[PDB]
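K.L.:
So here's final.pdb, just PDB, C-alpha atoms (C1' of nucleotides):
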```
ATOM      1  CA  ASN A   1     356.224 130.393 239.623
ATOM      2  CA  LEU A   2     358.708 128.349 237.595
ATOM      3  CA  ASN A   3     362.504 128.054 237.626
ATOM      4  CA  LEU A   4     363.747 127.371 234.104
ATOM      5  CA  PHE A   5     367.267 126.033 233.604
ATOM      6  CA  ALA A   6     369.264 125.513 230.433
ATOM      7  CA  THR A   7     372.262 123.725 228.910
ATOM      8  CA  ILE A   8     374.887 125.290 226.649
ATOM      9  CA  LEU A   9     377.444 124.026 224.132
ATOM     10  CA  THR A  10     380.655 125.409 222.647
ATOM     11  CA  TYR A  11     382.331 125.226 219.253
ATOM     12  CA  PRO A  12     385.388 122.950 218.990
ATOM     13  CA  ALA A  13     388.804 124.582 219.357
ATOM     14  CA  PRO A  14     392.181 123.775 220.956
ATOM     15  CA  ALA A  15     392.153 123.821 224.755
ATOM     16  CA  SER A  16     393.975 126.532 226.703
ATOM     17  CA  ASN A  17     393.211 126.142 230.417
ATOM     18  CA  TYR A  18     396.071 124.774 232.515
ATOM     19  CA  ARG A  19     395.332 123.469 235.997
ATOM     20  CA  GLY A  20     398.722 123.944 237.632
ATOM     21  CA  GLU A  21     400.275 121.426 240.012
ATOM     22  CA  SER A  22     402.933 120.944 237.347
ATOM     23  CA  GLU A  23     404.860 117.675 237.589
ATOM     24  CA  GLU A  24     408.461 117.541 236.311
ATOM     25  CA  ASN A  25     408.527 119.827 233.220
ATOM     26  CA  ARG A  26     404.872 119.730 232.137
ATOM     27  CA  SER A  27     401.726 121.538 233.269
ATOM     28  CA  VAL A  28     398.760 119.183 233.494
ATOM     29  CA  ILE A  29     394.958 119.322 233.700
ATOM     30  CA  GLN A  30     392.789 117.463 236.197
ATOM     31  CA  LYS A  31     391.021 114.399 234.813
ATOM     32  CA  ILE A  32     388.074 112.284 235.951
ATOM     33  CA  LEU A  33     387.599 108.524 235.537
ATOM     34  CA  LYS A  34     384.148 108.765 233.984
ATOM     35  CA  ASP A  35     384.457 105.436 232.144
ATOM     36  CA  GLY A  36     388.160 104.734 232.553
ATOM     37  CA  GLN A  37     389.049 107.590 230.181
ATOM     38  CA  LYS A  38     390.460 111.101 230.546
ATOM     39  CA  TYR A  39     388.485 114.335 230.342
ATOM     40  CA  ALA A  40     388.909 118.079 230.807
ATOM     41  CA  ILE A  41     387.351 119.908 233.753
ATOM     42  CA  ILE A  42     386.793 123.614 234.431
ATOM     43  CA  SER A  43     385.840 124.455 238.005
ATOM     44  CA  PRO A  44     382.715 126.577 238.591
ATOM     45  CA  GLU A  45     384.721 129.242 240.433
ATOM     46  CA  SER A  46     386.506 130.551 237.341
ATOM     47  CA  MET A  47     383.159 130.783 235.549
ATOM     48  CA  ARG A  48     381.671 132.690 238.488
ATOM     49  CA  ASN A  49     384.630 135.077 238.345
ATOM     50  CA  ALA A  50     384.123 135.569 234.606
ATOM     51  CA  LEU A  51     380.432 136.304 235.170
ATOM     52  CA  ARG A  52     381.258 138.875 237.854
ATOM     53  CA  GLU A  53     383.839 140.416 235.515
ATOM     54  CA  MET A  54     381.208 140.718 232.786
ATOM     55  CA  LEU A  55     378.710 142.298 235.184
ATOM     56  CA  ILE A  56     381.323 144.859 236.228
ATOM     57  CA  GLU A  57     382.157 145.335 232.531
ATOM     58  CA  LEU A  58     378.582 146.170 231.487
ATOM     59  CA  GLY A  59     378.288 149.021 234.004
ATOM     60  CA  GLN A  60     376.469 147.270 236.848
ATOM     61  CA  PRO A  61     377.835 148.648 240.146
ATOM     62  CA  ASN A  62     379.551 146.286 242.563
ATOM     63  CA  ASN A  63     381.893 146.300 245.557
ATOM     64  CA  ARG A  64     384.544 143.664 244.840
ATOM     65  CA  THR A  65     387.648 143.839 242.646
ATOM     66  CA  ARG A  66     390.736 141.630 242.370
ATOM     67  CA  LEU A  67     393.634 143.766 241.141
ATOM     68  CA  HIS A  68     397.181 142.851 240.113
ATOM     69  CA  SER A  69     398.896 143.266 243.465
ATOM     70  CA  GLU A  70     402.685 143.391 243.399
ATOM     71  CA  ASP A  71     403.139 140.747 246.118
ATOM     72  CA  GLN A  72     400.324 138.243 245.513
ATOM     73  CA  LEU A  73     396.788 138.405 244.171
ATOM     74  CA  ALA A  74     394.046 139.559 246.532
ATOM     75  CA  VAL A  75     390.447 140.791 246.527
ATOM     76  CA  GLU A  76     389.672 144.260 247.871
ATOM     77  CA  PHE A  77     387.567 147.390 247.246
ATOM     78  CA  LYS A  78     384.632 146.305 249.390
ATOM     79  CA  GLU A  79     382.554 147.881 252.152
ATOM     80  CA  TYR A  80     379.621 146.878 254.334
ATOM     81  CA  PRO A  81     377.044 145.247 252.002
ATOM     82  CA  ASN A  82     374.095 146.461 254.080
ATOM     83  CA  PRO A  83     371.981 147.039 250.930
ATOM     84  CA  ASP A  84     371.787 144.079 248.571
ATOM     85  CA  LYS A  85     371.197 146.741 245.920
ATOM     86  CA  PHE A  86     374.338 148.110 244.239
ATOM     87  CA  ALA A  87     376.306 145.362 245.978
ATOM     88  CA  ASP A  88     376.956 141.664 245.246
ATOM     89  CA  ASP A  89     374.600 141.465 242.244
ATOM     90  CA  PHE A  90     372.040 139.699 244.462
ATOM     91  CA  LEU A  91     374.448 136.821 245.043
ATOM     92  CA  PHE A  92     376.830 135.560 247.724
ATOM     93  CA  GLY A  93     377.296 138.341 250.239
ATOM     94  CA  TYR A  94     379.541 136.051 252.264
ATOM     95  CA  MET A  95     380.714 137.124 255.716
ATOM     96  CA  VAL A  96     382.277 135.306 258.672
ATOM     97  CA  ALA A  97     383.452 138.178 260.869
ATOM     98  CA  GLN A  98     382.117 138.525 264.408
ATOM     99  CA  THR A  99     382.527 142.315 264.744
TER
ATOM    100  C1'   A B   1     365.864 125.264 253.085
ATOM    101  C1'   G B   2     371.293 119.526 252.510
ATOM    102  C1'   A B   3     377.866 119.504 259.296
ATOM    103  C1'   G B   4     376.975 127.809 255.910
ATOM    104  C1'   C B   5     381.023 124.615 249.778
ATOM    105  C1'   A B   6     382.770 130.667 246.420
ATOM    106  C1'   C B   7     386.758 135.061 246.974
ATOM    107  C1'   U B   8     393.788 131.851 243.158
ATOM    108  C1'   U B   9     395.888 128.017 239.000
ATOM    109  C1'   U B  10     397.412 133.223 238.324
ATOM    110  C1'   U B  11     401.134 136.713 234.562
ATOM    111  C1'   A B  12     405.738 136.248 229.880
ATOM    112  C1'   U B  13     408.779 132.659 226.193
ATOM    113  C1'   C B  14     411.378 131.157 217.505
ATOM    114  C1'   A B  15     414.285 123.423 218.330
ATOM    115  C1'   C B  16     417.292 126.944 216.251
ATOM    116  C1'   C B  17     421.958 126.517 212.489
ATOM    117  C1'   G B  18     425.050 124.022 207.429
ATOM    118  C1'   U B  19     424.275 118.989 203.912
ATOM    119  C1'   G B  20     424.897 116.148 194.865
ATOM    120  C1'   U B  21     421.960 108.519 196.495
ATOM    121  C1'   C B  22     426.135 108.805 194.085
ATOM    122  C1'   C B  23     429.401 105.911 189.753
ATOM    123  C1'   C B  24     429.033 101.272 184.730
ATOM    124  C1'   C B  25     425.208  97.499 181.833
ATOM    125  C1'   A B  26     422.029  94.183 174.243
ATOM    126  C1'   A B  27     416.348  90.515 176.151
ATOM    127  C1'   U B  28     419.914  88.369 173.272
ATOM    128  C1'   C B  29     419.578  83.495 169.489
ATOM    129  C1'   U B  30     415.819  80.085 164.948
ATOM    130  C1'   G B  31     410.208  79.572 162.605
ATOM    131  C1'   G B  32     405.872  78.684 154.373
ATOM    132  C1'   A B  33     398.317  79.397 158.464
ATOM    133  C1'   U B  34     399.248  75.570 155.809
ATOM    134  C1'   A B  35     395.484  71.398 152.403
ATOM    135  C1'   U B  36     390.232  70.867 148.672
ATOM    136  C1'   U B  37     385.302  73.702 146.988
ATOM    137  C1'   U B  38     379.852  75.273 139.669
ATOM    138  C1'   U B  39     375.170  80.887 143.005
ATOM    139  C1'   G B  40     373.450  76.625 140.329
ATOM    140  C1'   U B  41     367.077  76.519 138.705
ATOM    141  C1'   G B  42     363.340  79.050 134.644
ATOM    142  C1'   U B  43     359.406  83.707 133.058
ATOM    143  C1'   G B  44     356.036  88.266 125.806
TER
END
```
Write out the structure in this file as structure tokens.

P.N.:
Amino acid sequence: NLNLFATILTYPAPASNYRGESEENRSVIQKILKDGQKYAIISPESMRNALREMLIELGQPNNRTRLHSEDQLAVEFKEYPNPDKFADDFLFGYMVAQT
RNA sequence: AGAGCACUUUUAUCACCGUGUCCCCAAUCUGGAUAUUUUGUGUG
């Protein structure tokens, strides 16, 4: 009847993530004015994608894959998620369609 | 269970290439630490 939550930390190392929206001849990273300084930010979406990739890597069945399409990246290999089992890892079975 | 917050910042790339801080020069010239001083006093 409790909902425990944690907080992690990472070892120091040079940063790699680039946030696009390149200006002139440099690729930049979004910053926040926490106290008038600059900081690095990683959006929760990429972390969610990494978690889903790890779940599909460990053998847990799922119904969503983003493959390297020739034209532009897209998400496919899905069906009706009528059972929450074997689909969506009990998370975010989003749908907006009317039919 | 908050005007339902997902599906995307993604995939590659040597600042590279050659180059004597080099060539001469004296720290040189003189100068008495000098002047005096009893380890003296007695024991089978």

K.L.:
Selection in question (the file shown): the PyMOL selection byres ((chain A and resi 65) around 9). Which residues does it include, as JSON, numbers by chain?

P.N.:
{"A": [53, 62, 63, 64, 66, 67, 74, 75, 76, 77, 78]}

K.L.:
Pull out every residue that the PyMOL selection byres ((chain B) within 12 of (chain A)) matches in the shown coordinates and put them as a list in words.

P.N.:
residues 4, 5, 6, 7, 8, 9, 10 and 11 of chain B

K.L.:
Skipping near chain neighbours, those fewer than 2 positions away, what residues fall within 10 Å of residue 95 of chain A using all atoms listed in the file, listed as a list in words?

P.N.:
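That gives residues 80, 81, 92, 93, 97 and 98 of chain A.
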
K.L.:
Could you save the residues just selected, with C-alpha atoms, as an mmCIF file, in the frame of the given file?

P.N.:
```cif
data_model
loop_
_atom_site.group_PDB
_atom_site.id
_atom_site.type_symbol
_atom_site.label_atom_id
_atom_site.label_comp_id
_atom_site.auth_asym_id
_atom_site.auth_seq_id
_atom_site.Cartn_x
_atom_site.Cartn_y
_atom_site.Cartn_z
ATOM 1 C CA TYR A 80 379.621 146.878 254.334
ATOM 2 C CA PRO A 81 377.044 145.247 252.002
ATOM 3 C CA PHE A 92 376.830 135.560 247.724
ATOM 4 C CA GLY A 93 377.296 138.341 250.239
ATOM 5 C CA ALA A 97 383.452 138.178 260.869
ATOM 6 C CA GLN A 98 382.117 138.525 264.408
#
```

K.L.:
Expressed in Å to a single decimal, how great is the separation between atom CA of residue 12 of chain A and atom CA of residue 41 of chain A?

P.N.:
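Separation between atom CA of residue 12 of chain A and atom CA of residue 41 of chain A: 15.2 Å.
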
K.L.:
State, in Å with one decimal place, the distance from atom CA of residue 55 of chain A to atom CA of residue 30 of chain A.

P.N.:
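Computed distance, atom CA of residue 55 of chain A to atom CA of residue 30 of chain A, equals 28.6 Å.
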
K.L.:
For residue 56 of chain A, which of A:13, A:87, A:40, A:6 is the closest residue, counting all atoms listed in the file?

P.N.:
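Among the listed residues, the smallest separation from residue 56 of chain A belongs to A:87.
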
K.L.:
Atom CA of residue 61 of chain A and atom CA of residue 84 of chain A, how far apart in Å?

P.N.:
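Computed distance, atom CA of residue 84 of chain A to atom CA of residue 61 of chain A, equals 11.3 Å.
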
K.L.:
Give me the box for segment 22-32 of chain A as JSON, namely the centre and edge lengths in Å to one decimal of a box along x, y and z that holds every listed atom plus 8 Å on each side.

P.N.:
```
{"center_x": 398.3, "center_y": 116.9, "center_z": 234.9, "size_x": 36.5, "size_y": 25.3, "size_z": 21.5}
```

K.L.:
I need segment 49-88 of chain A from the structure I supplied, saved as an mmCIF file, in the first residue's frame with C-alpha atoms retained.

P.N.:
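Result went into out01.cif, see below:
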```cif
data_model
loop_
_atom_site.group_PDB
_atom_site.id
_atom_site.type_symbol
_atom_site.label_atom_id
_atom_site.label_comp_id
_atom_site.auth_asym_id
_atom_site.auth_seq_id
_atom_site.Cartn_x
_atom_site.Cartn_y
_atom_site.Cartn_z
ATOM 1 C CA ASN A 49 12.467 4.889 -25.517
ATOM 2 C CA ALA A 50 15.620 3.421 -23.972
ATOM 3 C CA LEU A 51 13.537 1.646 -21.328
ATOM 4 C CA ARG A 52 11.241 0.178 -23.987
ATOM 5 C CA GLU A 53 14.309 -0.902 -25.969
ATOM 6 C CA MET A 54 15.686 -2.675 -22.899
ATOM 7 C CA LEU A 55 12.361 -4.409 -22.245
ATOM 8 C CA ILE A 56 12.291 -5.645 -25.842
ATOM 9 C CA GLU A 57 15.956 -6.642 -25.443
ATOM 10 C CA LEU A 58 15.373 -8.834 -22.374
ATOM 11 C CA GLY A 59 12.749 -10.970 -24.136
ATOM 12 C CA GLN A 60 9.551 -9.328 -22.894
ATOM 13 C CA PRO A 61 7.011 -9.385 -25.756
ATOM 14 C CA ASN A 62 5.698 -6.103 -27.123
ATOM 15 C CA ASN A 63 3.938 -4.654 -30.166
ATOM 16 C CA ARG A 64 5.879 -1.522 -31.121
ATOM 17 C CA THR A 65 9.133 -1.146 -33.056
ATOM 18 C CA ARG A 66 10.819 1.842 -34.706
ATOM 19 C CA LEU A 67 12.964 0.573 -37.580
ATOM 20 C CA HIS A 68 15.424 2.359 -39.868
ATOM 21 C CA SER A 69 13.050 3.312 -42.663
ATOM 22 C CA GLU A 70 14.657 4.445 -45.905
ATOM 23 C CA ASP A 71 12.573 7.633 -46.196
ATOM 24 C CA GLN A 72 12.157 8.850 -42.603
ATOM 25 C CA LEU A 73 11.913 7.219 -39.195
ATOM 26 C CA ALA A 74 8.554 5.784 -38.153
ATOM 27 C CA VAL A 75 6.987 3.457 -35.584
ATOM 28 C CA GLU A 76 5.184 0.329 -36.771
ATOM 29 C CA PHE A 77 4.651 -3.378 -36.005
ATOM 30 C CA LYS A 78 1.579 -2.877 -33.835
ATOM 31 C CA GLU A 79 -1.903 -4.384 -33.664
ATOM 32 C CA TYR A 80 -5.014 -3.948 -31.542
ATOM 33 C CA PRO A 81 -3.828 -3.844 -27.892
ATOM 34 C CA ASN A 82 -7.020 -5.465 -26.597
ATOM 35 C CA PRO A 83 -5.070 -7.414 -23.928
ATOM 36 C CA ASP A 84 -2.781 -5.306 -21.765
ATOM 37 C CA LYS A 85 -0.816 -8.541 -21.389
ATOM 38 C CA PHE A 86 1.896 -9.129 -24.008
ATOM 39 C CA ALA A 87 1.334 -5.563 -25.200
ATOM 40 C CA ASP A 88 2.546 -2.128 -24.030
#
```
